[PDB]
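Taken in sequence, the protein lines are chains A and B.
Take the first sequence: its letters are residues 1 to 76, numbered as in the entry's author numbering.
Take the second sequence: its letters are residues 1 to 73, numbered as in the entry's author numbering.
C-beta: ideal position from N, C-alpha, C; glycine also.
First comes the structure, then the notes that go with it.
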Amino acid sequence: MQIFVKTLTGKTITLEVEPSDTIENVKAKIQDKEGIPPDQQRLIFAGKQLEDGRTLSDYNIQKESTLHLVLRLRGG
Amino acid sequence: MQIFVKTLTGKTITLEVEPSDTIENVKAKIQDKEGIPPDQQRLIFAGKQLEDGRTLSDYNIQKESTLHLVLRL
């Protein structure tokens with residue numbers, strides 16, 4: 001399935017992902033696209049921050065959902 | 001230096017580490033104590049997951065810091 005990520009400049013990227021993908025798996029994909037290490041990413045969906053050990057489906061993230069990338073400011 | 005680890009049962013144990021120890025090195029020490037393989041460990045400090053590759057110092061982890069052990073499911 002396709003999802004969207006809104007990046008640090010408010011651009012929208014598209015990733016191919018599976019419902020069973022964990023949030024750390026999604027971070028890694030964002031790293032390849034955006035050059036932001038996973039321990040420096042916060043991922044927001046529908047206004048809430050997502051935990052690393054959960055799947056996308058655990059959060060009811062579906063086809064064409066949008067995640068928001070936010071840069072950690074205080075360090076890894 | 002002495003760090004703490006909160007285990008899967010919620011009990012705290014102590015590890016002897018140095019600040020230049022990497023996270024993968026801390027995972028090893030945890031495997032010795034707890035019998036969890038490193039590739040089945042997620043380690044949390046201050047509400048965030050720690051990357052393999054980085055040192056403890058990289059994360060400003062100090063003496064009496066508590067890391068949280070979480071089993072990958």
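When DSSP states are grouped into helix, strand and coil, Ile3(B) belongs to the strand group.
The CB of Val26(B) never comes closer than 7 Å to any CB in chain A; the least such distance is about 15 Å. Going by C-alpha positions, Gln31(B) is about 14 Å away from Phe4(B).
Residue-level contact check: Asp21(A) does not touch chain B, since none of the beta carbons of chain B fall below 8 Å from its beta carbon.
Per DSSP, reduced to three states, the secondary structure at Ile44(A) is strand.
When the beta-carbon positions are compared, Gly47(A) and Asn60(B) stay at least 8 Å from each other.
Against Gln49(B), the close residues of chain A are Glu24, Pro38, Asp39 and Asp52, in the order they occur along the chain (beta-carbon pairs closer than 8 Å). Against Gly75(A), the close residues of chain B are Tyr59 and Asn60, in the order they occur along the chain (beta-carbon pairs closer than 8 Å). Contacts with chain A at 8 Å (Cβ-Cβ) do not include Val5(B).
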